[PDB]
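Enquirer: Sharing a structure with you now.
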Amino acid sequence: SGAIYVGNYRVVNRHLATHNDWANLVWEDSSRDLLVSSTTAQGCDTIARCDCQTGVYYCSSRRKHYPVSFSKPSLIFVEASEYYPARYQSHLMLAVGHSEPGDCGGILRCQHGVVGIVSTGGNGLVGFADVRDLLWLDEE
Ligand SMILES: NC(=O)c1ccccc1CC(=O)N1CCC[C@H](C(N)=O)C1
Ligand SMILES: [Zn+2]
């Protein structure tokens, strides 16, 4: 589990959104595994606006932050899970690193701010849902 709190927005994995998230919905995209809801209190995270391919991510199954090199946001094939059938996920970035069912939501960050959140994994890989193209998260 895990979320990004920027301004009056909460960014979570679509597959982990609560009833309260859906009842206060701003935007969602199944093909990116993203959902954004509105909040009463202001958040303290800042979103990166860059093309960094290195950063650090939080892994809850190891209680540790790991440095990683990661691919550019792309259309990648993802195996079936209890949450989605086997399909292509868009705006996804891969890196070599530990991931487990329960690690989705962990933040990926570079020198400029929050890059994205854990969304896929397995086989010694970890996948991140990119949020750097979502410019509207910086206002309203
Ligand atoms: N990091 C993990 O969640 C993980 C790690 C090892 C093995 C498997 C996973 C889980 C995973 O890949 N999922 C299940 C949740 C929905 C995901 C999606 N965005 O389509 C696919
Ligand atoms: Zn950066």
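Residues 869-1008, in that order, are what chain A shows, numbered as in Swiss-Prot.
Positions of Cβ are set from backbone N, Cα and C atoms, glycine also.
Straight out of Swiss-Prot:
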{"type": "ACT_SITE", "residues": "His883", "note": "active site, for protease 2A activity"}
{"type": "ACT_SITE", "residues": "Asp901", "note": "active site, for protease 2A activity"}
{"type": "ACT_SITE", "residues": "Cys972", "note": "active site, for protease 2A activity"}
{"type": "BINDING", "residues": "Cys918, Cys920, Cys978, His980", "note": "Zn(2+) 1 binding site"}
Enquirer: Write out the long-range same-chain contacts of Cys972 (active site, for protease 2A activity), meaning residues 6 or more apart in sequence whose Cβ is under 8 Å from its Cβ.
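Expert: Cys972 (active site, for protease 2A activity) has long-range Cβ partners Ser869, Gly870, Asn881, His883, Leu884, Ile985, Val986, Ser987.
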Enquirer: With the Zn(2+) 1 site defined by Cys918, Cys920, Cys978, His980, which remaining residues of that chain have Cβ atoms positioned within 8 Å of the Cβ centroid?
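Expert: My list of surrounding residues reads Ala916, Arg917, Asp919, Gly923, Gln979, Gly981, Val983, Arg1000.
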Enquirer: If you check the recorded positions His883, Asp901, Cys972, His980 one by one, which have a CB less than 6 Å away from any atom of ligand 2?
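Expert: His980, in sequence order.
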Enquirer: For ligand 1, list the recorded positions among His883, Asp901, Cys920, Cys972, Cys978, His980 whose CB atom is within a distance below 6 Å of it, in sequence order.
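Expert: Result: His883, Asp901, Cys972.
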Enquirer: Just to verify a number: CA distance, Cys920 (Zn(2+) 1 binding site) to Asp901 (active site, for protease 2A activity), in angstrom, no decimals.
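Expert: Approximately 21 Å lies between the Cα of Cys920 (Zn(2+) 1 binding site) and that of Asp901 (active site, for protease 2A activity).
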Enquirer: List every residue in the same chain as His980 (Zn(2+) 1 binding site), at least 6 positions away in sequence, whose Cβ is under 8 Å from its Cβ.
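Expert: Correct list: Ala916, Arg917, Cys918, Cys920.
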Enquirer: List every residue in the same chain as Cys978 (Zn(2+) 1 binding site), at least 6 positions away in sequence, whose Cβ is under 8 Å from its Cβ.
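Expert: In sequence order, the residues whose Cβ lies under 8 Å from that of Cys978 (Zn(2+) 1 binding site) (at least 6 apart) are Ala916, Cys918, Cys920, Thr922, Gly923, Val924.
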